[PDB]
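Each remark here refers to the structure printed beneath this line.
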Amino acid sequence: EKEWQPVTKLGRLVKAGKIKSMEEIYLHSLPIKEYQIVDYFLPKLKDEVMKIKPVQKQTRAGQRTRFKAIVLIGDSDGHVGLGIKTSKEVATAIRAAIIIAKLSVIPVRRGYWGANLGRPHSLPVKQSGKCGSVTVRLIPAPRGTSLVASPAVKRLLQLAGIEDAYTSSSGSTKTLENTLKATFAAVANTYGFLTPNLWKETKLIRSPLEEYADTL
Amino acid sequence: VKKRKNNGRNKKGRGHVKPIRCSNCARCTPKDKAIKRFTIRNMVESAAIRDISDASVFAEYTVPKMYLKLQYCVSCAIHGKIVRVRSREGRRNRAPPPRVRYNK
Amino acid sequence: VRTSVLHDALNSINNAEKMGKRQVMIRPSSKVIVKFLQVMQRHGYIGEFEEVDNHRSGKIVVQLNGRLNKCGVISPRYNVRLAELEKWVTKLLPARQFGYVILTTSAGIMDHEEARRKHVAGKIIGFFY
Amino acid sequence: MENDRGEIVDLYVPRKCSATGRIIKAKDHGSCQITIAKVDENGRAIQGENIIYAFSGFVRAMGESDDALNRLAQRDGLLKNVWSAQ
Amino acid sequence: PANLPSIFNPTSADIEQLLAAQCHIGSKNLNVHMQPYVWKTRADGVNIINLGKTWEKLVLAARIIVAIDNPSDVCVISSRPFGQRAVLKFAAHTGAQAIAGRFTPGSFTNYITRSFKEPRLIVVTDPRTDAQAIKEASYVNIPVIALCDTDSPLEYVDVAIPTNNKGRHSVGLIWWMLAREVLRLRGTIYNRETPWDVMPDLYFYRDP
Amino acid sequence: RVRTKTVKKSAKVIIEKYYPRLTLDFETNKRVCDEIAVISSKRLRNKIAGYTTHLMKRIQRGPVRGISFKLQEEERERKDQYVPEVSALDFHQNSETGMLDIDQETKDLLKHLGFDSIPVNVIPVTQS
Amino acid sequence: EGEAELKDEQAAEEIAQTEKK
RNA sequence: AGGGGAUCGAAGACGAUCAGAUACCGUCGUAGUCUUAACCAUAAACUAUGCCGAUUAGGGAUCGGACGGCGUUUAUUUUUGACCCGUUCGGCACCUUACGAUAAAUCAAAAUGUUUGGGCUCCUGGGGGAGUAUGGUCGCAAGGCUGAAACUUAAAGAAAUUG
Ligand SMILES: [Mg+2]
Ligand SMILES: [Mg+2]
Ligand SMILES: [Mg+2]
Ligand SMILES: [Mg+2]
Ligand SMILES: [Mg+2]
Ligand SMILES: [Mg+2]
Ligand SMILES: [Mg+2]
Ligand SMILES: [Mg+2]
Ligand SMILES: [Mg+2]
Ligand SMILES: [Mg+2]
Ligand SMILES: [Mg+2]
Ligand SMILES: [Mg+2]
Ligand SMILES: [Zn+2]
């Protein structure tokens with residue numbers, strides 16, 4: 001509720017406004033362990049729960065019930081993430097799940113289909129991912145068509161900012177939780193493909209943690 | 001499912017091996033599958049060693065040894081408590097147990 | 001027995017590149033293989049390559065510089081007209097902007113884009129991107 | 001990187017591994033930077049000018065990064081007769 | 001000599017110090033990755049490491065050390081008894097934190113433990129006995145320099161110093177020489193030829 | 001007859017904070033503890049005094065791991081600067097004949113590096 | 001029970017929110 | 001169909017146990033168990049993992065052949081044989097590891113597959129009915145090979161977790 005006390009060096013640096021934006025943190029691949037980092041840079045992040053499911057466990061009296069929650073976050077302009085958490089009571093699960101969703105926000109790469117006319121709208125390449133017997137593939141699509149996908153993964157693609165794509169699924173897609181994790185891995189690998197336009201060598205610079213001096 | 005990688009037999013590179021007779025129930029098991037124990041002991045027990053010594057007529061005497069090699073089926077193996085059930089991770093350990101050399 | 005020296009060469013290159021090596025060795029060397037390597041070189045996907053000449057068949061040692069994703073071969077050499085050549089580029093290339101499909105025609109073996117510029121067709125032998 | 005009219009449109013441009021050339025993805029923990037100081041004629045270390053290298057987690061995990069560093073240092077004239085091809 | 005002058009060649013006294021502590025004796029096992037750092041294997045005996053490559057690799061490690069802005073960001077680890085005193089004296093002479101004995105796993109990952117640290121560099125005596133430190137270092141992107149013998153894992157170790165790694169005198173001598181180089185490259189010693197006033201036996205171990 | 005954690009922690013903290021004012025005699029520690037502490041039970045005060053007087057009986061005869069008091073630490077860093085006058089590695093004084101012993105390919109290594117002037121004697125080693 | 005809690009909470013944005021009659 | 005027939009022992013006959021015991025336990029005991037000349041062609045015939053070819057990681061054992069070396073032992077003694085150190089070819093296997101694969105157990109192949117094409121042959125499509133009926137074919141017979149339909153059902157099944 002009230003103003004937060006930094007625990008890490010990065011937290012102190014953000015508090016002093018010594019770092020510009022998230023893209024250098026992404027460039028240097030630094031771990032994030034505190035959810036106030038994301039919302040200090042990115043307001044208006046929409047969150048939306050998929051469903052809540054009970055889980056059992058046998059005990060002397062009977063069966064012990066816990067509740068599992070599915071939560072994803074996104075800004076519809078290139079940032080998306082999800083979190084999974086179970087707890088003994090539903091309400092705790094939703095708030096705690098939101099924290100992991102904020103902690104797992106990643107950037108996406110958006111490309112062109114054919115000719116370029118500003119505001120990239122589709123995937124740069126075709127990418128796919130697998131998580132335990134579920135495979136989801138994304139294909140670039142021409143401008144104008146809508147999203148052709150299941151209702152579950154259409155929301156994730158809508159919140160990721162991708163405008164045109166083709167989708168195909170294989171394996172046992174009945175596991176909704178696994179399906180979302182497979183789509184998230186496929187989107188996570190968009191920046192992992194080396195297109196020919198990235199062949200130019202880049203210059204390495206020292207990280208903000210190294211070249212800044214933290215407060216006591 | 002495989003409970004053991006070697007099928008509990010120790011036989012790779014051949015098709016057949018002649019069986020043997022269990023020393024307790026007279027069952028037939030393959031020789032490579034049976035459990036083999038070699039035992040070396042004295043003819044007489046340690047309390048009787050002196051009684052034989054002073055009842056001998058050869059001044060100092062050395063009692064002879066006795067040598068046996070017993071072999072059992074697995075059904076008689078864990079009923080005679082020669083070997084016992086081990087844990088899942090402890091199954092894959094074929095080093096002989098370290099016999100106590102101090103006995104407290 | 002050995003049924004595709006081209007397949008052996010591309011498979012060895014793909015394995016070494018995926019595992020991060022810098023040099024590759026190819027046991028059998030042929031004219032079609034070298035003509036394929038020159039196409040790769042003209043687009044910068046590889047570096048120097050050397051063909052040692054023993055009297056049996058010769059060998060190849062290629063120098064890698066990263067930058068290469070995958071290079072495969074189609075084993076049954078289909079017959080493709082000029083009009084349906086865009087089916088294949090729609091099928092087995094991540095995007096139209098980059099990537100090449102290697103063809104064999106009466107004017108030598110060549111990539112699909114300048115082969116389209118030459119307005120010629122033939123048989124398909126492989127691809128790389 | 002993509003372009004439409006000469007202006008950058010990519011959200012950010014990632015870096016490349018020095019040992020293998022693979023791009024280091026975001027959230028790829030296990031990728032490190034190595035900074036090398038610069039010495040003067042009398043042996044003191046001048047402050048603020050340094051040489052930077054980057055290694056990915058993939059190349060680090062199998063463990064040849066020590067030899068890759070030897071290769072890069074020898075190429076940049078930091079070491080003598082430590083790396084060679086048999 | 002693009003980035004190094006000729007004053008960094010090892011002096012005869014230094015090589016003397018090296019060959020007086022039997023730091024050139026290895027184990028029967030020969031790792032494949034340490035093959036470059038092998039002179040020859042003894043006929044009916046152990047491998048022999050090349051001390052000449054040791055000198056530059058030690059200098060390079062010192063050049064890594066100096067690049068850190070404030071010395072308090074460097075952390076040095078030791079678990080075996082033979083390196084406790086040498087690591088602590090290294091921590092006192094330079095600026096660095098030292099962890100001797102048990103490591104308390106979760107130090108680099110959990111932010112509520114008492115021994116919570118955010119280092120920029122890690123120095124390890126032995127990768128085999130300090131595998132946990134390297135394993136947790138692999139999660140948050142910190143380079144490690146470590147002392148290695150002829151047989152030793154090279155998992156996630158950017159810089160390796162070839163040494164005996166098991167002798168009583170060798171570990172202390174190497175830690176002492178590394179500290180000397182760090183001070184020499186800074187302005188503390190002020191001169192390459194002048195000798196240091198601390199005795200090498202100070203970085204040793206005593207039974208009681 | 002095993003003492004719980006509350007006594008274990010109270011005995012350790014009292015011993016390390018206030019070492020010299022109390023001794024091996026149980027009677028003295030009985031009156032020492034309650035004056036310098038706030039304890040709500042008489043038997044619990046007895047529990048602490050009885051166990052705490054046990055510690056100094058074994059500390060008096062050799063130190064024990066897990067316990068450190070003000071007098072004890074200061075002894076460590078005074079003793080840890082011990083250093084001889086002649087180095088154990090140094091052999092010009094330690095060995096009567098300054099020249100030392102190495103093996104053949106070590107001498108060859110010296111030949112490669114150029115430090116030929118070191119006076120050493122080479123002896124072959126082989127068993128086979 | 002899980003369905004009951006989701007409507008009851010009235011503090012989160014669900015995928016589909018029913019409108020009474 | 002002949003020879004041989006010690007020992008075990010289907011069928012069978014007794015003694016116990018048991019409420020019953022045509023069984024488990026004990027004493028006997030025919031065909032059979034062996035061999036010569038001909039049939040039969042099925043087994044959890046199992047590595048439940050087809051055959052040829054290429055590449056991919058560290059280790060130390062071990063069987064056969066060849067090559068190099070410091071020594072010991074020993075003989076009508078040397079060269080040979082035995083032991084020791086290192087390299088290589090071809091096998092039956094093993095330990096660690098995952099950059100990889102799978103639902104998982106686990107795997108140097110079960111890897112190089114959504115970024116899907118090295119060559120060839122065979123087999124399967126929810127569970128029962130059913131390897132059944134019928135036709136054909138081989139066999140002295142026992143049986144082998146090939147092989148349905150009517151009807152019925154919302155679950156059978158695999159790997160792992162807590163009790
Ligand atoms: Mg065989
Ligand atoms: Mg068989
Ligand atoms: Mg007749
Ligand atoms: Mg007959
Ligand atoms: Mg009977
Ligand atoms: Mg009988
Ligand atoms: Mg059959
Ligand atoms: Mg079969
Ligand atoms: Mg078979
Ligand atoms: Mg020989
Ligand atoms: Mg079932
Ligand atoms: Mg089951
Ligand atoms: Zn038995």
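Identifiers in the structure tokens: chain A, B, ... in order shown; residue index from 1 per chain; ligand index from 1 in order shown.
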
Select the residues contacting ligand 10 at a distance of at most 9 Å, based on only C-alpha atoms (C1' of nucleotides) and all ligand atoms, then format the selection as a PyMOL selection string. chain H and resi 67-69

Same residues, N, CA and C atoms (P, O5', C5', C4', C3', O3' and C1' of nucleotides), saved as a PDB file, in the first residue's frame:
```
ATOM      1  P     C H  67      53.584 -57.658 -35.190  1.00  0.00           P
ATOM      2  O5'   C H  67      53.723 -56.101 -34.892  1.00  0.00           O
ATOM      3  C5'   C H  67      53.957 -55.184 -35.949  1.00  0.00           C
ATOM      4  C4'   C H  67      53.913 -53.758 -35.467  1.00  0.00           C
ATOM      5  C3'   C H  67      54.872 -53.414 -34.341  1.00  0.00           C
ATOM      6  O3'   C H  67      56.192 -53.177 -34.794  1.00  0.00           O
ATOM      7  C1'   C H  67      52.734 -52.562 -33.832  1.00  0.00           C
ATOM      8  P     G H  68      57.437 -53.511 -33.837  1.00  0.00           P
ATOM      9  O5'   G H  68      57.414 -52.342 -32.756  1.00  0.00           O
ATOM     10  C5'   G H  68      57.680 -51.002 -33.142  1.00  0.00           C
ATOM     11  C4'   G H  68      57.631 -50.057 -31.969  1.00  0.00           C
ATOM     12  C3'   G H  68      58.494 -50.419 -30.772  1.00  0.00           C
ATOM     13  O3'   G H  68      59.861 -50.105 -30.948  1.00  0.00           O
ATOM     14  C1'   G H  68      56.360 -49.760 -30.026  1.00  0.00           C
ATOM     15  P     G H  69      60.979 -50.979 -30.196  1.00  0.00           P
ATOM     16  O5'   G H  69      60.784 -50.596 -28.663  1.00  0.00           O
ATOM     17  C5'   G H  69      61.042 -49.275 -28.215  1.00  0.00           C
ATOM     18  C4'   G H  69      60.670 -49.085 -26.765  1.00  0.00           C
ATOM     19  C3'   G H  69      61.363 -49.991 -25.764  1.00  0.00           C
ATOM     20  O3'   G H  69      62.682 -49.571 -25.474  1.00  0.00           O
ATOM     21  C1'   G H  69      59.060 -49.850 -25.245  1.00  0.00           C
TER      22        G H  69
END
```

Quick one: residues within 12 Å of residue 5 in chain G, only C-alpha atoms (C1' of nucleotides), excluding same-chain residues fewer than 2 positions away - as a PyMOL selection string? (chain A and resi 51-54+67+89-94) or (chain G and resi 1-3+7-12+14)

Name all residues at most 12 Å from residue 113 in chain F (count only C-alpha atoms (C1' of nucleotides); drop same-chain ones fewer than 6 positions away) and give them as a PyMOL selection string.
-> (chain E and resi 9-12+15+39+50-53+55) or (chain F and resi 106-107)

Selection near range 136-144 of chain H, 12 Å with only C-alpha atoms (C1' of nucleotides), sequence-local residues under 6 positions removed, as a PDB file with N, CA, C and O atoms (P, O5', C5', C4', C3', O3' and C1' of nucleotides), in the first residue's frame:
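around.pdb was written with the following content:
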```pdb
ATOM      1  P     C H  39      10.541 -86.968 -43.441  1.00  0.00           P
ATOM      2  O5'   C H  39       9.123 -87.026 -42.729  1.00  0.00           O
ATOM      3  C5'   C H  39       8.432 -85.839 -42.392  1.00  0.00           C
ATOM      4  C4'   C H  39       7.209 -86.137 -41.567  1.00  0.00           C
ATOM      5  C3'   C H  39       6.554 -84.932 -40.921  1.00  0.00           C
ATOM      6  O3'   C H  39       5.704 -84.248 -41.823  1.00  0.00           O
ATOM      7  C1'   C H  39       6.756 -86.681 -39.334  1.00  0.00           C
ATOM      8  P     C H  40       5.715 -82.647 -41.882  1.00  0.00           P
ATOM      9  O5'   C H  40       5.201 -82.230 -40.438  1.00  0.00           O
ATOM     10  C5'   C H  40       3.856 -82.457 -40.051  1.00  0.00           C
ATOM     11  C4'   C H  40       3.679 -82.217 -38.577  1.00  0.00           C
ATOM     12  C3'   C H  40       3.985 -80.803 -38.117  1.00  0.00           C
ATOM     13  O3'   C H  40       2.862 -79.954 -38.264  1.00  0.00           O
ATOM     14  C1'   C H  40       5.044 -82.385 -36.684  1.00  0.00           C
ATOM     15  P     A H  41       2.862 -78.779 -39.358  1.00  0.00           P
ATOM     16  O5'   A H  41       3.724 -77.620 -38.694  1.00  0.00           O
ATOM     17  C5'   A H  41       3.355 -77.071 -37.436  1.00  0.00           C
ATOM     18  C4'   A H  41       4.447 -76.204 -36.867  1.00  0.00           C
ATOM     19  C3'   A H  41       4.826 -74.995 -37.718  1.00  0.00           C
ATOM     20  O3'   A H  41       5.195 -73.919 -36.861  1.00  0.00           O
ATOM     21  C1'   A H  41       6.718 -76.368 -37.423  1.00  0.00           C
ATOM     22  P     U H  42       4.705 -72.425 -37.184  1.00  0.00           P
ATOM     23  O5'   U H  42       4.275 -71.854 -35.761  1.00  0.00           O
ATOM     24  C5'   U H  42       2.957 -72.057 -35.278  1.00  0.00           C
ATOM     25  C4'   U H  42       2.949 -72.702 -33.915  1.00  0.00           C
ATOM     26  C3'   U H  42       3.450 -71.849 -32.764  1.00  0.00           C
ATOM     27  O3'   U H  42       2.451 -70.963 -32.288  1.00  0.00           O
ATOM     28  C1'   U H  42       4.320 -74.064 -32.605  1.00  0.00           C
TER      29        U H  42
END
```

Test item: residues no farther than 12 Å from ligand 2, counting only C-alpha atoms (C1' of nucleotides) and all ligand atoms, as a ChimeraX atom specification:
/B:11-18,30 /H:43-47

Check: Any idea what's packed within 12 Å of residue 91 in chain F, counting only C-alpha atoms (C1' of nucleotides), ignoring anything in its chain fewer than 5 positions away? Could you give it as a PyMOL selection string?
Finding: (chain E and resi 16-17+19-21) or (chain F and resi 86+96-101+119-120)
